[PDB]
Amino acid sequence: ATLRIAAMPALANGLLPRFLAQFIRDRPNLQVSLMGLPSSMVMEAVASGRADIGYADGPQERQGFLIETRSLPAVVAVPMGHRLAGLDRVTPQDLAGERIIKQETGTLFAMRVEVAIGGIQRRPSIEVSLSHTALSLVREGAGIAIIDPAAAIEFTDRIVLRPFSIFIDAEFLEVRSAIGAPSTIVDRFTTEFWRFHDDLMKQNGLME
């Protein structure tokens, strides 16, 4: 038995290996691989057959793929003790004067954020590409970030997460080859991962 998974770091760093450790605990003869790649390379892995399952940021070219989706609101991550931690939610103008940690310029997620805060004076920001970099900077008191909740979950013991007043789609995809035969093991992983993902998001106030 062999299972090969490819995912972006947002999930490959924290959520997916937490799940994988549950999945395999009683499958001692299941050979597994879990590759952290950029989403673009996640797709190329699934298409070339180098990976059975892919997890990638949305959106992607869906041609040769079977694609399941999750959309969740992005959350605001702020350092412990920040003025904003004492709020029910965070609006664009609450961010005025703050150093904002931004995702990478030109990505769909980054532009959604940038559009939601088009009404505030732009200060010098920090640009990153990994959600985990942003969350580490938040933890260090360097600024605040609007991020996908999947990554944020690994930091809830050391930063504060608050809902944003504006819905910013933080979508990722579970990706399969459109070409292929049924796979019991793949159907099981994907299915249980959703249950596991949905449980965590709902139990932390990040999903309906």
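A residue's number is simply how far along the shown sequence it sits, counting from 1.
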Can you tell me which stretch has the higher mean Cα B-factor, 104 to 112 or 117 to 125?
-> 117 to 125
If you average the CA temperature factors over each stretch, which comes out higher, 77 to 85 or 93 to 101?
-> 93 to 101
Select one of 170, 181, 175, 37: the residue whose C-alpha shows the highest B-factor in the crystal structure entry.
-> 181
Among 52, 26, 140, 148, where is the Cα temperature factor highest, going by the PDB entry?
-> 26
Classify residue 201 as lowest, middle or highest third according to the C-alpha B-factor given in the PDB entry, relative to its own chain.
-> middle
Here the Cα B-factor of residue 45, set against its chain, lands in the third termed middle
So where's residue 166 on the chain's Cα temperature factor ranking, which third?
-> middle
Ranked by Cα temperature factor within the chain, is residue 159 in the lowest third, the middle third or the highest third?
-> middle
Report the third (lowest, middle or highest) to which the CA temperature factor of residue 153 belongs, ranking only the modelled residues of the same chain.
-> highest
